[PDB]
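Quick note: numbers below take in every heavy atom, side chains included, and nothing from hydrogens, waters or symmetry partners. Order of the sequence lines sets the chain letters (A, B, ...), proteins ahead of strands, with each chain counted from 1. All ligand and atom numbering here is 1-based and tracks the order in the structure.
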Amino acid sequence: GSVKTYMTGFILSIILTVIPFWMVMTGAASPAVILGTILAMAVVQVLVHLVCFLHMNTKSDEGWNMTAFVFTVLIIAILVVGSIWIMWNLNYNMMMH
Amino acid sequence: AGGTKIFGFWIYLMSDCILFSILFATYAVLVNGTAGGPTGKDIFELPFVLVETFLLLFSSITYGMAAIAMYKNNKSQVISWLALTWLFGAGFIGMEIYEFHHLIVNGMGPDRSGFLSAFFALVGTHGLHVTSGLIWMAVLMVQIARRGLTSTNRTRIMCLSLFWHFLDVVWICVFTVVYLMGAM
Amino acid sequence: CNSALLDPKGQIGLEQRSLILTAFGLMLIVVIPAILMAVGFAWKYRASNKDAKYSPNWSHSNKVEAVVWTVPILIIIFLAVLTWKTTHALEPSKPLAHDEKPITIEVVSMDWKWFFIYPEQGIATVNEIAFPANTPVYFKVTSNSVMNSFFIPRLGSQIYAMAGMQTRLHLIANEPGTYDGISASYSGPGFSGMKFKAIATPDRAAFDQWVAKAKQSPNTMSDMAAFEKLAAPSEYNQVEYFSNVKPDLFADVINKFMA
Amino acid sequence: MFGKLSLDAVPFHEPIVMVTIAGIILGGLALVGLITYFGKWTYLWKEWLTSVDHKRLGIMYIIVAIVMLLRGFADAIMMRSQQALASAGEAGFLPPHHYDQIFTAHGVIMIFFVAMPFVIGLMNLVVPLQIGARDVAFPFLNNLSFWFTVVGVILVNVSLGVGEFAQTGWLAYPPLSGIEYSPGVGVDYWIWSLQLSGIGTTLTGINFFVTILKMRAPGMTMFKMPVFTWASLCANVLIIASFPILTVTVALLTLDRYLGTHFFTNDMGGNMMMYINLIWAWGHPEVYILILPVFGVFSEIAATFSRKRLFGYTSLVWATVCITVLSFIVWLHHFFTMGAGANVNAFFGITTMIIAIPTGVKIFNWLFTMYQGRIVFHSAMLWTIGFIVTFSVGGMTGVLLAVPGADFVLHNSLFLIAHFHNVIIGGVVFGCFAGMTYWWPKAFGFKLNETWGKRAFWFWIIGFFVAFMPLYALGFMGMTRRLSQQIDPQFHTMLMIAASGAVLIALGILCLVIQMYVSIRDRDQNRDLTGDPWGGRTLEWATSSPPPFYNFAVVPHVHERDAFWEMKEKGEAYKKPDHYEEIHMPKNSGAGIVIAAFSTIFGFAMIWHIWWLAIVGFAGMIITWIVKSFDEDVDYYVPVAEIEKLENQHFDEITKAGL
Ligand code: HEO
Ligand SMILES: CCCCCCCCCCCCCCCCCC(=O)OC[C@H](COP(=O)(O)OCCN)OC(=O)CCCCCCCCCCCCCCCCC
Ligand SMILES: CCCCCCCCCCCCCCCCCC(=O)OC[C@H](COP(=O)(O)OCCN)OC(=O)CCCCCCCCCCCCCCCCC
Ligand SMILES: CCCCCCCCCCCCCCCCCC(=O)OC[C@H](COP(=O)(O)OCCN)OC(=O)CCCCCCCCCCCCCCCCC
Ligand SMILES: CCCCCCCCCCCCCCCCCC(=O)OC[C@H](COP(=O)(O)OCCN)OC(=O)CCCCCCCCCCCCCCCCC
Ligand code: HEM
Ligand SMILES: [Cu+2]
């Protein structure tokens, strides 16, 4: 039943946390692969916690409770990436060139 | 009836997710805002954050077993699975306080090296939500023990089930950006 | 028509006057018919008028709603050929193609006055600048205090002044004269008194006399101790000349916030 | 008794403030003394103050907005008097210490406590009525959302009497509003007036988002909704997605002033440009909350008084959605002159003009709505005709300001000041006064005075074109905003016309008081009997005037758009049901005021560093929240005898007037 859905979301979340922690502590001989694997496993572990824990579904509130999350992801991606790109150009400028 | 408050609380968590994203945008600008103070590698002890990640992870599977027991008709099993996840929630708070107390005594508080100001405003703001969820869990534990698994009590468990699992999703984004990227 | 933006005296101001007028003419093709239809339809189609057509069930037309969407898009598309070629040409921190040895003027905001440093001449002035006509002027603007904005309205663009940050601005005066420059960003109780004069000399011979006049003053700014005395909070400061300045005083204002 | 209060913070030796301090106190004691003389203290309780009814909360939102409109204008007319006097060499009254507290307070009151409660109050009254809902989705949350705004209007008002307000403008810019350049309590009054009102405004957006989506009538889809509900749905999305940005950004300023942190300082690695990035990322989504239900108000009014269907429903609905999406990617236009690159200013400059395209679709759709109709020149219709003329002028100004090349000479000038007084006085204030006249028979049961309504319109629209059209010319000649003393004499004779224009708008607010006085006095003559004075189309006009406090004995079945208009076209439109059922209604709760009472104590204690009262104030909000969870008596059933008596005394008035 639903007991196995919580356990599968619990086993995978352990694997998606030890392996990002193991590469930083060991060193893994490559800083670019570490940053790729940390950001990739962070997104997947979020998607595990949405399906297995929060029980997100398209057929939940007659199409809602899923498109509200998709809209707010786009708002966050507008706010975070947009302000970082604005502040990067403001910090690249205003320097003693 | 009961599904209106559950959906209405989900919209609030979407506003709360935007609320946490402003702190992530503020922290990302002030990563290199160390005014001669310690950086991320000089502060972050990754064995100490690995225990904190597992304590919040153990408190999400424990609440998941409480929601399964709510779908059953066992009154005592909902209380017993709620007492265990309160201890894991208190252990997460008890390690963030100990991490914050070590920095303030050693002179690495928010009033020096304003990268540390953004560090205290993101981990501390996440720690306030877990502290707010701990009071909500403690209030809910005394209503189920007194009135039982009524129709209004079943809605408040599911509203906290959305809230408590959301704080683990934010903590995934917290330890990725702050601790893992900062202490490479 | 003669109010310092419709009658500018700089190349940046002249190219910004045409940018305002071309944008204003493009938007009037859809705003003026919007105003006239607001009054023309209200007068012709009154309830007291019986000769007008009455169609209460008419609420959808493909040949009408297409024009509602197309023409504001086509105005914006013609305004998208602009706002990209002009933003990349009227941007500050971009030198003008003139090649006549641009003069760098270092600008420090205070409370509540303007401090100007001439690094190539070794002259420091308060609330007054001078530069020869038809020559590019390089402005490096910083603040010793809260945020201000360097603005000469008759010469062209403006830029903010921030503490620990070095904004850049290029200006040129096409005609000789004096131009009143103010602060555009509010900075406290003395904000209303932060007004300076920009004297555009007819030639470089009348500019060197102003530099030689400014080095006859007994006041000096050879150290940061005299800088902090001048950086005291004051309002409605007069014109003051300093004969000797520190060779790298502009870096010390930035480095007292960044370090 | 403790903290920074030492009895010298009271502004003595200043006759301008002390008259207005005594004016509020003697005005407030006269207001209290009239209630206890009539014995209406037991009537304000249990019917108005603790009411979870959305019509009662909708009216009281407007009353707060109307009263704050008097204070927010009477200090704005002092600035027009000061700037006219300061020109041509006369340093009169209002010193710069006194003057800088005014436009900071003028900006905060007019944005948050005039325009926001008027927009919310129109949505609180009409949106549950249009969707066939008996109440809002969260009735206790709607009552608590109102009283958090009352905490906001209390802290600004006591800043005039106890301490002082901020001197940094209405957005509290970096370090001038810091702890080393503003060591007073002025910024602390600004912080907690916006934090406590902002957490109650965010709960309003959540409340109306679930009400529109879930509490609709059976048979009404999303594209069969009223156009005002579509505009209110897209406006509440902006409340949910931008007020958390306001909540963080003020709280980040709170940590700088209290804990001495380094976020926006200049010394220890803080970035002062990050605040201006964040305070405008909320700032333009803040102002599109103001203008979107205005578009929904004017869409219903232009359809009602033209006796014609609304032209282009599908074009108007999708234009409102496109405004909501594009509002979050334009916020860089407010600080073009910061020093960003050419690729940053031109990218945000282009998309600021893109959001003008769905605004232009909405303007031309109302023009073709009145293309072949029977236009009745009502007082509320005069605001709609005056809106299209006024908003097109100031809207054309904003797209001109959207170009960064044109923005480099017009930033922080009076051209900017006349831009947004063209689209708020032209847009929001005309929009809120139009819906005030349009829904006055539904709110109170009687119609407003038609003669004084038209006279109040002509003072507002002609008086605007004298007050702010010289400011368009003043922004060209180089005059900047927030200029207090020693203004240039070349700016004289154009500021005198602008100061004379504010006198005509003062008569328009004066004519609003006369319009309300005559209509209340003559409420027995122009009485709305059938519940539909004009030709109604939406489901709100199917109810009685006033609504019967449940608003619907039987929830209607919706088949097409303009369901009440289709019911009258079908023929029956008034059918007495064979039987009634009990109606589940929430109870009036004393909590919400007690939570607000402990928040204005907590808010006042944080400003004056009274830390022992701040703990009691913060714990008072939490214990009352906890004690409002064990209460099982939160709902009750209306008996069928009360429903049948109220419906039978409504259906006979329908039978008297032919139907
Ligand atoms: C609710 C109020 C409101 C409204 C409606 C608007 C509408 C717009 N805002 Fe004005 N903004 C508002 C709130 C403000 N904006 C401001 C300042 C401001 C500035 C800064 C200028 C400067 O600092 O020098 C820019 C660039 C804009 C952009 C715009 C644009 C492009 C529109 C457009 O949406 C206008 C759209 C309407 C149009 C275009 C007319 C209708 C269309 C017709 C008739 C036909 C179609 C024609 C075309 C599409 C051309 N806003 C400030 C000052 C902030 C401060 O205090 O510092 C405030 C308060
Ligand atoms: C330190 C500064 C900030 C302080 C913030 C306040 C936190 C203090 C602790 C507050 C939490 C105590 C809650 C006690 C339980 C009472 C509510 C309850 O039983 O929850 C059920 C409720 C569903 O409602 P219903 O079932 O109808 O019952 C109505 C209850 N009035 O479900 C609900 O919807 C109510 C529960 C909502 C959950 C609260 C959300 C927590 C957010 C806290 C943010 C903290 C940090 C803020 C950061 C600001 C920016 C820096
Ligand atoms: C220190 C300040 C602290 C903060 C205070 C802030 C207060 C905000 C809330 C104030 C608003 C409360 C409601 C206003 C009174 C409305 C009275 C009214 O509409 O008439 C009621 C009744 C008429 O009959 P009925 O059919 O019930 O009316 C319409 C039904 N939909 O008529 C009657 O039978 C009774 C007669 C009238 C009732 C007397 C009430 C007087 C008005 C009270 C003050 C209003 C102004 C307050 C301004 C506050 C500004 C912040
Ligand atoms: C806006 C958030 C900003 C973040 C910072 C502050 C966090 C505190 C506020 C978080 C609470 C939001 C919860 C929203 C849930 C909405 C959906 C829902 O489930 O609502 C249920 C219930 C409404 O109940 P209703 O159905 O109307 O009737 C039943 C009455 N028992 O709803 C409730 O009864 C619960 C909600 C009402 C109680 C909230 C009031 C407490 C606010 C305290 C603020 C504390 C901090 C103050 C300082 C400023 C910040 C530093
Ligand atoms: C879009 C929605 C509509 C807009 C929202 C409303 C905004 C403005 C609020 C002002 C009007 C609200 C109250 C209107 C009540 C009308 C009077 C009424 O219903 O009668 C009450 C009372 C006599 O009652 P009685 O005649 O026995 O009972 C029959 C009721 N038909 O009649 C009386 O003699 C007492 C009337 C009391 C008036 C209440 C006024 C207090 C609030 C005023 C706000 C500020 C007004 C501006 C400043 C005025 C300065 C003098
Ligand atoms: C008859 C009505 C009004 C008049 C005469 C008026 C007058 C003024 C004046 C003189 C200023 C300052 C200009 C300057 O600093 O140079 C100002 C600013 C401002 N006004 Fe108004 N105003 C009116 C209505 C409104 C309304 C209805 C709003 C609604 C939101 C509003 C919002 C603002 C804001 C936000 C500012 C900026 C404040 C600041 O920059 O600190 N005003 N107004
Ligand atoms: Cu904007």
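Close approach to D:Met621 involves these atoms of ligand 4, each under 4.0 Å from a residue heavy atom: 43 (C), 44 (C). Under a 4.0 Å criterion applied to the non-hydrogen atoms of D:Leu144, ligand 4 contributes the atoms 37 (C), 38 (C), 40 (C). Each of the following atoms of ligand 4 lies closer than 4.0 Å to a heavy atom of D:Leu203: 12 (C), 14 (C). Heavy-atom proximity to D:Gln195, at under 4.0 Å, picks out these atoms of ligand 4: 50 (C), 51 (C). Against a heavy-atom cut-off of under 4.0 Å, D:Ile62 is close to the following atoms of ligand 5: 1 (C), 2 (C), 4 (C), 5 (C), 7 (C). The ligand atoms of ligand 5 that sit less than 4.0 angstrom from a heavy atom of D:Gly435 are 1 (C). Listed by atom number, the atoms of ligand 4 under 4.0 Å from B:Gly8 heavy atoms are 17 (C). Of all atoms in ligand 5, listed by their number and element, those nearer than 4.0 Å to a heavy atom of D:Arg527 are 31 (N). Within ligand 4, the atoms closer than 4.0 Å to a non-hydrogen atom of B:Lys5 are 19 (O), 26 (O), numbered from 1 in the order shown.
The shortest heavy-atom distance from D:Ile595 to ligand 4 is not under 4.0 Å. Ligand 4 lies within reach of D:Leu141, whose nearest heavy atom is under 4.0 Å from it.
With a 6.0 Å cutoff to the six-membered ring centre and a 45° limit on the axis angle, D:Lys214 counts as a cation-pi contact of B:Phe7. Within the cation-pi definition used here (under 6.0 Å to the ring centroid, within 45° of the axis), D:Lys40 qualifies as a partner of D:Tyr43.
Protein heavy atoms are absent from the 4.0 Å sphere centred on atom 40 (C) of ligand 5. For atom 4 (C) of ligand 5, the nearest protein heavy atom is under 4.0 Å away. Per-atom contact check: atom 12 (C) of ligand 5 touches the protein, criterion being a heavy-atom distance below 4.0 Å. Of the protein's heavy atoms, none falls inside 4.0 Å of atom 24 (O) of ligand 5. Distance remark: protein heavy atom not present below 4.0 angstrom from atom 51 (C) of ligand 5. There is a protein heavy atom closer than 4.0 angstrom to atom 31 (N) of ligand 5.
Under the 3.5 Å distance criterion, with hydrogens and angles disregarded, no donor-acceptor pair is assigned to the side chains of B:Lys5 and B:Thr155. Side-chain contact of D:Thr202 with B:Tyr12: a donor-acceptor pair under 3.5 Å is absent, judged by distance alone. Side-chain N/O atoms of D:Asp256 and D:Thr261 include a donor and acceptor closer than 3.5 Å. Of the N and O atoms on the side chains of D:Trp440 and D:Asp528, not one donor lies less than 3.5 Å from an acceptor on the other residue. A donor atom on one side chain and an acceptor atom on the other are found under 3.5 Å apart for D:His54 and D:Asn551. For the residue pair D:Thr204 / D:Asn207, no side-chain donor-acceptor distance below 3.5 Å is found, with atom types taken as modelled.
Between D:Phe602 and D:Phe618, the ring planes are tilted. Angles from 30° to 60° get that label. Classification of the D:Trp439-D:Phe228 ring pair by plane angle, with boundaries at 30° and 60°, yields tilted. Using bins of under 30°, 30° to 60° and over 60° for the plane-to-plane angle, the ring pair D:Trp282/D:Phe243 lands in the perpendicular bin. Ring geometry for B:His129 against B:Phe163 counts as parallel: the plane angle stays under 30°, on a 0 to 90° scale with 60° as the upper cut.
A salt bridge between D:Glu540 and D:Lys442 is absent, with no side-chain N of the basic residue lying under 4.0 Å from a carboxylate O of the acidic one.
Between D:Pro139 and ligand 4, at least one pair of N/O atoms sits closer than 3.5 Å. Taking only nitrogen or oxygen atoms, main chain and side chain alike, D:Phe140 reaches within less than 3.5 Å of ligand 4. The N/O atoms of D:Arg523, backbone and side chain alike, include one that comes under 3.5 Å of an N/O atom in ligand 5. Not one N or O of D:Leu196 is nearer than 3.5 Å to an N or O of ligand 4, by distance alone.
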Verdict with supporting geometry, D:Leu69 and D:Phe113, side-chain contact (heavy atoms from CB on, under 4.5 Å):
CA-CA 8 Å; D:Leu69 195 267; D:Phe113 312 119; over 6 Å; no
- request: Assess whether ring-ring contact (aromatic ring centres under 6.0 Å, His included) is satisfied between D:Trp280 and D:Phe328, documenting all intermediate values.
  value: CA-CA 10 Å; D:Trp280 288 116; D:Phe328 295 98; over 10 Å; no
- Message: Would B:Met14 and D:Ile240 count as a side-chain contact (heavy atoms from CB on, under 4.5 Å) here? Give the steps.
- Response: CA-CA 8 Å; B:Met14 289 303 111; D:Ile240 298 163; 5.5 Å; no
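Ranking the protein heavy atoms by distance from atom 9 (C) of ligand 5 puts D:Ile63 CG1, 3.8 Å first. Nearest non-hydrogen protein atom to atom 46 (C) of ligand 5 is D:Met516 CE, 3.8 Å. Of the protein's heavy atoms, D:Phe444 CE2, 3.7 Å lies nearest to atom 14 (C) of ligand 5. The single protein non-hydrogen atom nearest to atom 36 (C) of ligand 5 is D:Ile520 CG2, 4.3 Å, given as residue, atom name and distance. Remark: minimum distance from atom 49 (C) of ligand 5 to any protein heavy atom is reached at D:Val513 CG1, 4.2 Å. At the shortest separation from atom 48 (C) of ligand 5 among protein heavy atoms lies D:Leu70 CD1, 4.2 Å.
Residue D:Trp440 holds the heavy atom nearest to atom 6 (C) of ligand 5 of all those in D:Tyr438, D:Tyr61, D:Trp440. Heavy-atom proximity to atom 38 (C) of ligand 4, evaluated over D:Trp625, B:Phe7, B:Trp10, is greatest for D:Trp625.
If you look at D:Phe138 next to ligand 4, the close heavy atoms, those under 4.0 Å, come from the backbone and the side chain alike. Using a 4.0 Å cut-off between heavy atoms, D:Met60 makes no contact with ligand 5 at all.
When every heavy atom of D:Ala456 is checked against every heavy atom of D:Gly508, the shortest pair comes out as CB-O, 4.0 Å.
Judged by distance alone, with hydrogens and angles left aside, the side-chain atoms of D:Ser519 form a donor-acceptor pair with the main-chain N or O of D:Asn449 at under 3.5 Å.
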